[PDB]
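Colleague: After the structure tokens below, expect a handful of questions from me.
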Number of protein chains: 6
Amino acid sequence: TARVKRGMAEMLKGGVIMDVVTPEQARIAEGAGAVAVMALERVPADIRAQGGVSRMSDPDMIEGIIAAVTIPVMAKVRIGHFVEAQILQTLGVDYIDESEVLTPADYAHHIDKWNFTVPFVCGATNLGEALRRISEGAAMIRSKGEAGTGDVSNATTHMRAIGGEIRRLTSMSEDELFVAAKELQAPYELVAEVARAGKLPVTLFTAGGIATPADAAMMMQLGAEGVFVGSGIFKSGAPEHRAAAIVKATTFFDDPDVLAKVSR
Amino acid sequence: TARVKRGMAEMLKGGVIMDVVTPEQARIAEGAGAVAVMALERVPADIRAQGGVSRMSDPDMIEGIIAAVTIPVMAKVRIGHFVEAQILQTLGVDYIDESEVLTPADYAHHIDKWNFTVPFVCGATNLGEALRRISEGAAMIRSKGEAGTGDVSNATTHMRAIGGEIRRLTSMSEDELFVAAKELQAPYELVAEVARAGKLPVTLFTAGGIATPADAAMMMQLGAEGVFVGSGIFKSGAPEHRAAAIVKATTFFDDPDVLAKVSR
Amino acid sequence: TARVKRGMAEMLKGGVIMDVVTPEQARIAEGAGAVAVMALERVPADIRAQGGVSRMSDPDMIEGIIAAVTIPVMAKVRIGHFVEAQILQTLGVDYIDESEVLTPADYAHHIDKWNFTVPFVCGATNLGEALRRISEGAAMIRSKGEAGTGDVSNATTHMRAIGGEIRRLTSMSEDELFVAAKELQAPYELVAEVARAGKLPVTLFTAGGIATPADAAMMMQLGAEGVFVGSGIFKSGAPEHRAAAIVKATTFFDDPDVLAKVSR
Amino acid sequence: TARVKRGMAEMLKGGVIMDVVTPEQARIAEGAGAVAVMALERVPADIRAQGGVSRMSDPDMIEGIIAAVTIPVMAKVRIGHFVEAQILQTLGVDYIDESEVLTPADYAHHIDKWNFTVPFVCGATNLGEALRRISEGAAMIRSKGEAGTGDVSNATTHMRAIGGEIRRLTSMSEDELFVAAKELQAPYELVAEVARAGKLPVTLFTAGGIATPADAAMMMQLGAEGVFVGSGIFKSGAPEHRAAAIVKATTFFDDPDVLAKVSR
Amino acid sequence: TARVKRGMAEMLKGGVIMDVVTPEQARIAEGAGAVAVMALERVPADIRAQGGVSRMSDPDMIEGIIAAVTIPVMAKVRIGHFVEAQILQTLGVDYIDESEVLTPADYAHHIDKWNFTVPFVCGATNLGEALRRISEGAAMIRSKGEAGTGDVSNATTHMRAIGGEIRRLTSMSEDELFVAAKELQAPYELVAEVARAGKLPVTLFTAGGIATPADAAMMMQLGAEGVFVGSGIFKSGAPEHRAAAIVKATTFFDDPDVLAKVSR
Amino acid sequence: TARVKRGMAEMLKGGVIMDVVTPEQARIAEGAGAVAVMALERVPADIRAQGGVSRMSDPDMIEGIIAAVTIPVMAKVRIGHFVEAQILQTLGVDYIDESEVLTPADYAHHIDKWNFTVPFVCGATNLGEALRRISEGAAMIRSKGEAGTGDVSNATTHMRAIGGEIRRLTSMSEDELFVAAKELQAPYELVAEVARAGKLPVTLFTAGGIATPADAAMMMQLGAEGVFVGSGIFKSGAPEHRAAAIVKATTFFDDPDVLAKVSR
């Protein structure tokens with residue numbers, strides 16, 4: 001077996017991770033039944049319009065979130081910014097998200113995630129990319145979707161791309177898997193393990209553009225093991241109600257009466 | 001004999017389906033002699049005008065329309081958004097429109113409409129596209145026209161393209177129908193059936209850009225079995241009159257005296 | 001339940017079909033354990049070297065072969081030459097091969113094989129092509145390989161293309177099969193049946209460029225259900241022995257000690 | 001033994017050089033533990049936003065900075081402006097930065113830095129460029145990064161380019177170093193010395209787009225021997241504290257608990 | 001550690017492998033001090049001019065070579081021809097060469113060499129290709145050079161390419177090895193092992209275009225662990241003398257007096 | 001002061017070097033007043049005419065020439081063939097010509113000529129190329145001209161290009177010499193030295209296409225310090241006369257009366 005950071009997100013499966021910019025938002029998230037919160041200073045929707053350089057959040061801000069909840073807290077670093085990660089790891093965040101939402105710090109190389117104890121979430125749009133993040137030590141993959149737009153279509157494409165390629169490897173003649181690893185630009189040892197197992201070596205969540213309960217449930221029905229949702233869930237008026245509806249739609253994704261009720 | 005959801009819109013034939021954003025618009029529609037209404041929260045003229053993501057309407061908004069009228073009520077979902085459709089089916093709408101007017105949720109795949117009891121309406125611009133929608137389970141086909149523009153010319157092109165290709169199949173040498181299905185990118189079984197019957201396997205209506213009584217009757221004379229019209233009708237000032245004019249034009253499409261009178 | 005000429009080559013499965021140009025060859029083929037013979041006047045390697053138009057063989061020549069053997073006799077027609085096929089059918093050939101080795105008679109359209117009682121074999125290089133031949137009534141598919149060169153590599157390609165795409169359909173998400181049929185340019189009903197069954201709807205044999213016992217056994221191990229071989233078998237040395245060696249290799253395709261002995 | 005101005009920045013190694021626009025900034029820089037200050041009239045972020053030609057600063061302004069601090073003072077000249085450099089040298093600056101932040105005065109040729117006593121710093125984005133600056137007499141190389149944007153990613157690129165090519169030369173087969181010098185467009189004698197020593201011939205610092213303590217420490221961990229930082233340090237809040245935090249981060253670049261505390 | 005067929009060619013290191021087409025050539029090879037012979041029916045020089053399809057040799061011919069010597073005997077299969085390999089393995093050859101000299105049988109896929117007990121030699125022109133052959137189970141790599149031309153220049157390029165990339169990985173920053181594996185289109189686990197070890201995971205020989213003692217010794221001085229030479233060594237008049245000279249030049253490759261003596 | 005193998009051909013200056021394929025040609029050459037001979041087994045006119053690979057000559061053939069004359073003997077190796085050079089050095093040739101007339105053994109790298117005691121001659125067509133050869137250890141530079149054609153015009157272009165660029169450096173502003181070395185792709189130290197001395201760092205001779213006495217004296221008047229001529233001289237009929245004419249033309253290159261007489 002290939003070297004993979006396995007089983008590091010079991011408690012998050014079936015759950016929603018919510019972006020939160022205040023300890024008040026964090027408590028609303030936890031009371032709604034979120035499995036984790038993502039601490040950030042500035043939103044993907046405001047990053048998308050305002051546009052400075054976006055970096056790791058202030059450690060005081062992230063501590064203020066940690067102090068407010070008992071569920072796990074994640075926070076973001078810029079791609080390739082292994083010192084921002086060294087800092088986050090000493091704060092005691094439960095996960096680091098090496099995130100394309102922030103301004104990349106390295107255009108070529110991601111963080112060598114084997115240099116850390118803390119588990120990392122990384123983004124992917126296709127199975128090759130997911131496997132390259134996992135080869136570098138990622139303990140969870142999420143789709144990139146399109147961050148801060150509310151448009152679920154890119155997340156649909158990512159989840160169908162990753163899941164469609166896993167399915168194609170499972171039924172593939174074994175002698176063609178070497179060329180498949182070359183075409184995926186992924187390590188053969190992980191390609192062969194996905195062909196045998198029919199699963200990504202780590203848990204796969206959806207992120208990017210999930211706006212409604214119907215969206216979240218659709219991403220679950222496409223193979224997602226859990227979902228990330230943005231702070232718009234707070235910015236829109238009955239925040240307890242909206243957060244709770246997405247949690248229930250993720251848990252009971254296959255029940256259309258539930259989805260109708262929580263969508264009202 | 002190929003698999004098609006046949007005969008699911010017999011009561012709509014010869015009629016007008018009107019978009020409605022309020023129970024009052026719904027009552028005016030039904031008073032004017034509409035055969036069904038299409039519930040939606042914001043219109044194709046405001047979608048084209050504002051943008052942002054357009055999704056399935058709030059289920060309470062739709063239920064308000066169902067409570068206001070006796071005639072069938074339709075509502076829209078995003079292309080490929082099978083969970084928006086799961087939700088609508090439990091609401092008890094009579095038809096679901098898998099609609100290119102909303103923001104697509106899946107840029108590659110449409111909903112597998114065989115997984116539903118409720119019938120779907122899908123758009124097409126040519127016969128190959130109509131047949132692929134039917135192959136997926138569509139129960140009615142409409143033209144896409146150009147939504148919310150009041151320009152009927154796209155709808156004319158769609159109706160002539162679909163009708164023109166049906167005609168071409170009817171007189172085609174039978175041995176050439178295999179290559180015709182390949183050039184149409186459509187299932188041979190449905191191509192062969194169109195070639196024998198001279199008809200689309202399900203009802204064909206016109207939508208997109210129907211502004212006047214003359215537009216509506218022209219689409220009927222080009223082979224439409226009914227028409228969809230936008231809420232433009234209610235934006236116009238004496239809405240009971242505009243709505244009733246379009247209904248009479250569609251019933252009496254072959255009578256130039258009636259068409260002159262209702263355009264006055 | 002799709003329309004297909006099923007189960008018309010049960011007696012040939014596992015066997016070798018040999019091209020024969022004289023009644024004496026046909027006798028050697030049959031005493032060597034061939035399952036059928038392909039009667040032809042001029043060989044694919046002769047057509048490939050010399051110019052000229054290549055057509056259906058003289059009916060007297062084909063009748064000379066029918067009278068010489070008890071096993072089934074096949075013979076070729078040009079693609080799209082439905083009258084060549086009407087003539088062969090009345091001769092009482094067991095199969096007609098609509099063959100790209102001859103000069104095509106119709107560059108656009110194949111024979112509508114539903115107009116015949118006699119079964120057809122057609123060539124394919126990929127699954128979409130195979131399914132379009134079956135949709136026209138073919139009762140058996142063979143690879144095109146590269147005929148009369150003795151280079152098995154094109155056959156390897158075709159066999160891997162066809163079997164690789166069948167495998168990909170079997171694990172594909174059901175809702176993606178409609179787009180898959182559009183990309184394969186094949187009828188959905190045949191595509192969905194391949195996805196459910198894991199097999200082509202009719203028997204699949206290899207042809208083209210099979211020169212040695214190792215080639216024949218390699219094609220069986222790639223999923224071929226039988227092989228066609230050229231009259232080169234006759235053209236060299238002790239023909240009884242070379243033909244028996246290919247029949248044995250195809251029968252015992254998984255036994256390397258048998259394959260080593262017959263390769264001497 | 002190649003001709004190089006070696007060992008002219010021994011006292012700056014490990015330290016931070018801060019841009020200063022007034023004697024008060026220069027005092028805060030020095031009390032914060034900066035190793036040197038870069039005297040300039042108008043900042044890289046001001047040059048980047050407003051138009052105009054940017055030249056050597058007024059000698060009175062530079063003299064005001066020299067009189068205010070005990071640590072070394074550097075100041076800038078336009079590329080190729082050897083007379084700007086003659087003037088600065090007589091002012092008694094400790095270093096002259098031949099800087100791509102100013103408007104170049106010669107688009108083809110850099111200053112022949114051998115004509116001067118005072119040492120020069122020059123920018124580089126890759127090892128070949130660094131070696132060509134050293135060949136012209138530069139006593140120190142810094143990355144160009146992307147000046148006045150706060151985005152560290154260009155600096156990451158330059159630091160990885162330079163250090164990656166030094167590493168590649170150290171393990172290269174000796175007989176290939178002649179072609180390597182031709183591909184780098186650098187003098188062979190300097191290339192061969194880099195291959196033998198594993199180090200650039202002069203001190204290498206990072207500059208451009210370093211905004212936070214994490215950035216500064218990341219550049220040291222990529223091999224920088226010191227960092228330049230912009231006057232943004234002053235521009236925000238408690239300047240004594242922000243400047244001390246960068247000096248501490250650069251000093252203790254490998255200590256994540258120190259880096260976490262100074263990031264608050 | 002990655003899965004590699006290690007240590008399977010220890011007795012060949014420092015040695016020459018000679019192509020032989022007769023048991024007489026085989027005995028001359030062995031008496032000259034060859035470590036192994038390569039049994040073939042037809043020469044790369046005659047394949048290059050004559051040009052039929054080139055396949056596995058007759059098993060009788062290969063047995064006749066095995067019977068003639070005590071040193072190991074190798075023989076060739078076409079690329080991707082895993083049945084020709086199944087046959088060779090039962091003959092008891094000591095190595096199979098999956099060879100580009102023969103007509104490939106599969107344009108896309110090589111043999112899955114893990115399906116065999118017998119070790120395989122495969123060709124490579126660069127480190128990525130070598131690692132992909134080893135990932136598939138190869139137990140030895142040789143350069144491709146340019147077969148049957150007597151021109152050593154392509155072998156020079158291959159050996160400098162493979163050896164130059166191994167050197168570049170050894171000094172590379174560890175965090176850049178993930179991207180290096182992507183650029184090499186090679187499994188990360190083998191790229192990381194070459195970076196750590198500074199050696200290919202299996203032995204590396206030169207082949208292709210070695211004509212003289214000076215050529216052989218040059219390929220050894222470029223990192224080759226042994227050499228393959230073609231049957232031209234026999235076709236040129238004092239075959240005992242020529243074969244012996246190449247053996248000595250390979251063994252004593254670093255002694256120019258030896259190389260002068262054996263070149264006379 | 002840059003590293004160059006200086007002063008190694010002082011005894012050849014003012015002279016002619018003649019290609020010889022036999023001890024008899026060597027004696028005629030030396031009788032005619034040649035300053036050295038170039039031993040080779042087959043000529044540039046027969047290489048151009050036949051092709052196949054051209055290598056270092058048989059060491060016995062070379063030793064035969066060394067035994068036949070008192071004057072220095074050169075011999076050729078393939079570009080990059082450092083082991084052919086190792087062999088020649090032990091033979092005791094006075095110079096090795098790393099020659100583009102033979103088939104290159106390395107298409108990227110030339111021999112590292114510093115690893116030898118024996119001096120090398122290398123070809124150039126421009127000053128940048130001459131300097132790179134010298135950087136590698138060449139002790140003499142010749143033009144490539146166009147070998148074995150009898151057309152002097154390539155040699156004229158080479159001599160004018162090398163001499164013209166030396167002249168251009170001599171009067172160039174010193175600050176522009178850095179960019180000149182970059183545009184020449186040559187080491188700054190050797191460029192600077194040429195700019196100060198107005199001379200190539202080692203002797204420059206002309207070769208390639210010198211057919212008549214007038215050609216030889218023209219190349220001397222273009223700055224050649226000596227000439228190489230092909231064995232064409234001996235192919236001509238009264239070889240003692242043709243050889244002596246070219247020698248006298250090269251000694252007396254500035255005397256039109258002598259040039260007229262020896263051309264008669």
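If you're wondering about the labels, chains in the structure tokens are A, B, ... by order shown, residues count from 1 in each chain, ligands from 1 in order shown.
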Quick check: residues of chain C within 9 Å of chain B, only C-alpha atoms, returned as a PyMOL selection string.

Modeller: chain C and resi 2+108-112+132+135-136+174-176+178-179+181-183+185-189

Colleague: Could you give me, as a compact mmCIF listing (two decimals) with N, CA, C and O atoms, in the first residue's frame, the residues within 7 Å of residue 38 in chain C, counting only C-alpha atoms and dropping anything in the same chain fewer than 3 positions from it?

Modeller:
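As written to disk, selection-v5.txt reads:
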```
# COMPACT_ATOMS: atom_id res chain seq x y z
N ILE C 17 -11.79 -19.00 -38.57
CA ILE C 17 -12.30 -18.94 -39.98
C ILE C 17 -11.16 -18.64 -40.90
O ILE C 17 -10.36 -17.69 -40.68
N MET C 18 -11.00 -19.48 -41.95
CA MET C 18 -9.84 -19.36 -42.82
C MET C 18 -10.27 -18.90 -44.23
O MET C 18 -11.21 -19.43 -44.78
N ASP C 19 -9.57 -17.92 -44.77
CA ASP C 19 -9.77 -17.54 -46.18
C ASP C 19 -9.30 -18.68 -47.08
O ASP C 19 -8.18 -19.20 -46.87
N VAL C 20 -10.12 -19.03 -48.06
CA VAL C 20 -9.71 -20.09 -49.00
C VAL C 20 -10.00 -19.66 -50.45
O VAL C 20 -11.03 -19.05 -50.73
N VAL C 73 -19.71 -21.68 -45.03
CA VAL C 73 -18.99 -20.90 -45.98
C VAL C 73 -19.51 -19.47 -45.89
O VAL C 73 -20.73 -19.22 -45.85
N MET C 74 -18.57 -18.56 -45.80
CA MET C 74 -18.86 -17.16 -45.83
C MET C 74 -18.31 -16.63 -47.16
O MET C 74 -17.38 -17.20 -47.76
N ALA C 75 -18.85 -15.48 -47.61
CA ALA C 75 -18.14 -14.83 -48.71
C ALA C 75 -18.41 -13.30 -48.60
O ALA C 75 -19.37 -12.90 -47.91
```

Colleague: Using DSSP assignments from the backbone, pull out every residue in range 5-249 of chain E that falls under strand (DSSP E) and give it to me as a ChimeraX atom specification.

Modeller: /E:16-20,36-39,73-78,95-99,120-124,140-143,203-205,227-229

Colleague: Would you give me, as an MDAnalysis selection string, the residues in range 47-238 of chain F that DSSP reads as helix (DSSP H, G or I)?

Modeller: chainID F and resid 47:50 59:68 82:91 113:115 127:135 153:171 174:184 188:197 213:221 231:233

Colleague: Taking into account only C-alpha atoms, which residue in the set F:204, F:152, F:210, F:66 is nearest to residue 122 in chain F?

Modeller: F:204

Colleague: Neighbours of residue 249 in chain A within 8 Å (only C-alpha atoms; same-chain residues fewer than 4 positions away dropped), as a ChimeraX atom specification?

Modeller: /A:213-214,216-217,245,253,258-259,262
